[PDB]
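Here we start with a single chain on its own, the form deposited in one PDB entry, put down as C-alpha coordinates.
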(Lines give C-alpha, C1' and ligand atoms only; values in the text may rest on other atoms or scores of the structure.)
Protein backbone atom coordinates (compact mmCIF):
# COMPACT_ATOMS: atom_id res chain seq x y z
CA UNK A 1 0.00 0.00 0.00
CA UNK A 2 1.01 3.67 -0.31
CA UNK A 3 0.08 3.96 3.38
CA UNK A 4 -2.52 6.30 4.83
CA UNK A 5 -2.98 8.82 2.02
CA UNK A 6 -3.31 12.40 3.23
CA UNK A 7 -4.78 14.57 0.47
CA UNK A 8 -3.26 17.79 -0.87
CA UNK A 9 -6.17 19.82 0.49
CA UNK A 10 -6.05 18.26 3.98
CA UNK A 11 -6.97 21.08 6.35
CA UNK A 12 -5.54 19.43 9.47
CA UNK A 13 -6.86 20.29 12.94
CA UNK A 14 -7.28 23.44 15.03
CA UNK A 15 -4.60 23.41 17.75
CA UNK A 16 -7.22 24.21 20.41
CA UNK A 17 -8.67 20.71 20.01
CA UNK A 18 -5.51 19.02 21.32
CA UNK A 19 -2.97 19.24 24.10
CA UNK A 20 -0.07 21.32 22.70
CA UNK A 21 3.09 22.42 24.51
CA UNK A 22 2.76 26.16 25.27
CA UNK A 23 6.23 27.06 23.97
CA UNK A 24 5.03 26.12 20.44
CA UNK A 25 1.54 27.71 20.69
CA UNK A 26 2.18 30.44 18.09
CA UNK A 27 4.70 28.47 16.05
CA UNK A 28 2.28 25.92 14.59
CA UNK A 29 -0.44 26.41 11.99
CA UNK A 30 -2.39 23.12 12.33
CA UNK A 31 -2.11 19.63 13.75
CA UNK A 32 -1.58 17.49 10.66
CA UNK A 33 -1.28 13.94 11.94
CA UNK A 34 -2.35 13.31 15.55
CA UNK A 35 0.15 11.29 17.62
CA UNK A 36 -2.47 8.65 18.36
CA UNK A 37 -3.07 8.09 14.65
CA UNK A 38 0.66 7.65 14.12
CA UNK A 39 0.53 4.99 16.87
CA UNK A 40 -2.41 3.10 15.33
CA UNK A 41 -0.72 3.04 11.95
CA UNK A 42 2.63 2.01 13.46
CA UNK A 43 0.88 -0.91 15.20
CA UNK A 44 -0.22 -2.28 11.82
CA UNK A 45 3.24 -1.66 10.29
CA UNK A 46 4.88 -3.70 13.07
CA UNK A 47 2.66 -6.64 12.08
CA UNK A 48 3.56 -6.16 8.37
CA UNK A 49 7.25 -6.01 9.30
CA UNK A 50 7.09 -9.26 11.27
CA UNK A 51 5.16 -10.93 8.46
CA UNK A 52 7.90 -10.16 5.94
CA UNK A 53 11.02 -10.12 8.11
CA UNK A 54 10.29 -12.33 11.14
CA UNK A 55 11.84 -15.43 9.60
CA UNK A 56 15.41 -14.56 10.56
CA UNK A 57 17.50 -12.37 12.91
CA UNK A 58 16.49 -8.73 12.40
CA UNK A 59 18.92 -5.83 12.67
CA UNK A 60 16.92 -2.63 13.13
CA UNK A 61 18.86 0.42 11.95
CA UNK A 62 17.71 3.85 13.12
CA UNK A 63 18.49 6.85 10.89
CA UNK A 64 19.11 9.66 13.41
CA UNK A 65 17.95 12.12 14.40
CA UNK A 66 14.52 12.25 12.76
CA UNK A 67 14.02 8.51 12.84
CA UNK A 68 14.35 8.08 16.60
CA UNK A 69 10.67 8.32 17.72
CA UNK A 70 9.25 6.17 14.90
CA UNK A 71 12.09 3.71 15.57
CA UNK A 72 11.41 3.46 19.31
CA UNK A 73 7.66 3.06 18.82
CA UNK A 74 7.86 0.65 15.88
CA UNK A 75 10.29 -1.52 17.80
CA UNK A 76 8.03 -1.41 20.86
CA UNK A 77 5.13 -2.74 18.82
CA UNK A 78 7.40 -5.37 17.29
CA UNK A 79 8.53 -6.41 20.78
CA UNK A 80 4.89 -6.61 21.88
CA UNK A 81 4.27 -9.06 19.02
CA UNK A 82 7.30 -11.13 19.94
CA UNK A 83 6.36 -11.70 23.60
CA UNK A 84 2.72 -12.60 23.00
CA UNK A 85 3.18 -14.96 20.07
CA UNK A 86 4.50 -18.50 19.79
CA UNK A 87 7.04 -17.57 17.12
CA UNK A 88 9.65 -14.89 17.81
CA UNK A 89 13.06 -13.91 16.44
CA UNK A 90 16.03 -12.08 17.97
CA UNK A 91 16.44 -8.43 17.07
CA UNK A 92 19.51 -6.26 17.53
CA UNK A 93 19.68 -2.50 17.10
CA UNK A 94 22.02 0.09 15.69
CA UNK A 95 21.96 3.84 14.99
CA UNK A 96 23.49 5.81 12.15
CA UNK A 97 23.53 9.42 11.07
CA UNK A 98 24.09 10.57 7.51
CA UNK A 99 26.12 13.73 6.87
CA UNK A 100 28.44 13.66 -0.73
CA UNK A 101 26.85 11.47 1.97
CA UNK A 102 28.81 9.44 4.49
CA UNK A 103 27.65 7.27 7.37
CA UNK A 104 28.39 8.66 10.83
CA UNK A 105 28.60 6.30 13.79
CA UNK A 106 27.06 2.84 13.79
CA UNK A 107 28.60 -0.59 14.23
CA UNK A 108 30.92 -2.02 11.61
CA UNK A 109 28.47 -2.83 8.84
CA UNK A 110 29.88 -6.35 8.57
CA UNK A 111 27.38 -6.91 11.41
CA UNK A 112 24.66 -6.67 8.75
CA UNK A 113 25.92 -9.69 6.78
CA UNK A 114 23.38 -12.53 6.66
CA UNK A 115 20.77 -10.58 8.65
CA UNK A 116 17.33 -9.19 7.88
CA UNK A 117 18.08 -5.47 7.94
CA UNK A 118 15.28 -2.99 8.65
CA UNK A 119 16.22 0.63 8.00
CA UNK A 120 13.89 3.04 9.82
CA UNK A 121 13.35 6.63 8.61
CA UNK A 122 11.15 9.60 9.48
CA UNK A 123 10.55 10.72 5.89
CA UNK A 124 11.31 10.01 2.25
CA UNK A 125 11.33 13.14 0.09
CA UNK A 126 13.60 12.99 -2.98
CA UNK A 127 14.65 9.48 -2.03
CA UNK A 128 18.32 10.20 -2.71
CA UNK A 129 19.38 9.58 0.92
CA UNK A 130 17.81 6.10 0.96
CA UNK A 131 19.19 5.20 -2.50
CA UNK A 132 22.62 6.10 -1.17
CA UNK A 133 22.27 4.17 2.12
CA UNK A 134 20.88 1.05 0.40
CA UNK A 135 23.81 0.94 -2.07
CA UNK A 136 26.21 0.91 0.89
CA UNK A 137 24.26 -1.66 2.95
CA UNK A 138 23.90 -4.15 0.05
CA UNK A 139 27.67 -4.42 -0.23
CA UNK A 140 27.72 -6.23 3.11
CA UNK A 141 25.37 -8.94 1.80
CA UNK A 142 22.42 -8.75 4.21
CA UNK A 143 19.93 -11.62 3.96
CA UNK A 144 17.42 -8.90 3.08
CA UNK A 145 17.18 -5.17 3.46
CA UNK A 146 13.91 -3.25 3.77
CA UNK A 147 13.03 0.34 4.56
CA UNK A 148 10.22 1.57 6.80
CA UNK A 149 9.44 5.27 6.66
CA UNK A 150 6.84 7.05 8.75
CA UNK A 151 6.18 9.56 5.98
CA UNK A 152 6.47 9.63 2.20
CA UNK A 153 6.15 13.00 0.48
CA UNK A 154 4.40 13.45 -2.89
CA UNK A 155 6.90 15.54 -4.80
CA UNK A 156 8.03 16.20 -8.39
CA UNK A 157 11.57 16.00 -7.00
CA UNK A 158 11.22 12.28 -6.37
CA UNK A 159 13.84 10.08 -8.02
CA UNK A 160 11.31 7.24 -8.02
CA UNK A 161 12.38 5.48 -4.81
CA UNK A 162 9.60 3.98 -2.68
CA UNK A 163 10.10 2.30 0.72
CA UNK A 164 8.81 -1.15 1.69
CA UNK A 165 6.73 0.05 4.61
CA UNK A 166 4.97 3.42 4.71
CA UNK A 167 3.07 5.10 7.53
CA UNK A 168 1.54 8.08 5.69
CA UNK A 169 1.75 9.57 2.22
CA UNK A 170 1.68 13.34 2.56
CA UNK A 171 1.48 16.47 0.32
CA UNK A 172 4.51 18.56 -0.58
CA UNK A 173 4.37 20.50 2.72
CA UNK A 174 6.98 21.08 5.43
CA UNK A 175 5.95 19.16 8.53
CA UNK A 176 7.48 19.00 12.03
CA UNK A 177 6.86 17.04 15.22
CA UNK A 178 7.31 13.42 16.29
CA UNK A 179 11.11 13.97 16.07
CA UNK A 180 10.89 15.79 12.70
CA UNK A 181 12.60 19.14 13.12
CA UNK A 182 13.01 22.65 11.83
CA UNK A 183 16.55 23.74 12.73
CA UNK A 184 16.52 21.19 15.60
CA UNK A 185 13.28 22.54 17.09
CA UNK A 186 9.89 20.75 17.27
CA UNK A 187 11.37 17.29 17.88
CA UNK A 188 9.81 17.64 21.37
CA UNK A 189 6.23 17.46 20.06
CA UNK A 190 4.12 14.33 19.90
CA UNK A 191 1.93 15.27 16.89
CA UNK A 192 3.02 15.90 13.35
CA UNK A 193 2.14 19.53 12.58
CA UNK A 194 2.62 22.24 9.98
CA UNK A 195 4.79 25.16 11.08
CA UNK A 196 3.42 28.74 10.96
CA UNK A 197 5.17 31.82 9.52
CA UNK A 198 5.73 33.08 13.05
CA UNK A 199 7.38 29.75 13.88
CA UNK A 200 9.46 29.73 10.70
CA UNK A 201 10.76 33.21 11.48
CA UNK A 202 11.35 32.56 15.18
CA UNK A 203 13.53 29.47 14.72
CA UNK A 204 15.20 30.51 11.45
CA UNK A 205 18.89 29.69 11.37
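Note that the rigid core is defined as the largest set of C-alphas that superpose within 1.5 Å between two forms. Positions refer to the first chain, counted from 1. Residues that one form lacks are left out of the comparison.
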Length class of the unmodelled deposited segment, which would lie between residue 99 and residue 100 | 4 to 9
As the entry reports it, the stretch among 138 to 146 and 165 to 173 with higher mean C-alpha B factor is 138 to 146
Which has higher Cα B-factors on average according to the PDB entry: 126 to 134 or 77 to 85?
-> 77 to 85
Report the option among 120, 117, 72, 104 whose CA atom has the maximum B-factor in the deposited record.
-> 104
From 19, 194, 189, 25, residue of greatest CA B-factor = 25
When the modelled residues of the chain are sorted by Cα temperature factor, does residue 29 land in the lowest, middle or highest third?
-> highest
By the record's CA B-factor, is residue 63 among the lowest, middle or highest third of residues in the chain?
-> lowest
By the record's CA B-factor, is residue 36 among the lowest, middle or highest third of residues in the chain?
-> lowest
State the tercile, meaning the lowest, middle or highest third, of residue 159 with respect to the CA B-factors recorded for its chain.
-> highest
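Below, we turn to the form deposited in another entry, even though it does not appear here.
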Option from 126, 92, 88, 132 moving between this form and the one not shown, CA shift at or above 2 Å, rigid core reference = 88
After fitting the core, residue 65 CA displacement of 2 Å or more between this form and the one not shown = yes
Compare the position of the CA of residue 26 between this form and the one not shown after a rigid core fit and state whether the shift reaches 2 Å.
-> yes
Note whether the distance between the C-alpha atoms of residue 152 and residue 11 decreases (closer) or increases (farther) in the other entry, against the displayed form; the change is 3 Å or more.
-> closer
Just say closer or farther for the C-alpha distance from residue 11 to residue 127 in the other entry, relative to the shown form; it changes by 3 Å or more.
-> closer
If you overlay the rigid core, what runs of at least 3 residues show Cα shifts of 2 angstroms or more between this form and the one not shown?
-> 9 to 26, 65 to 67, 85 to 89
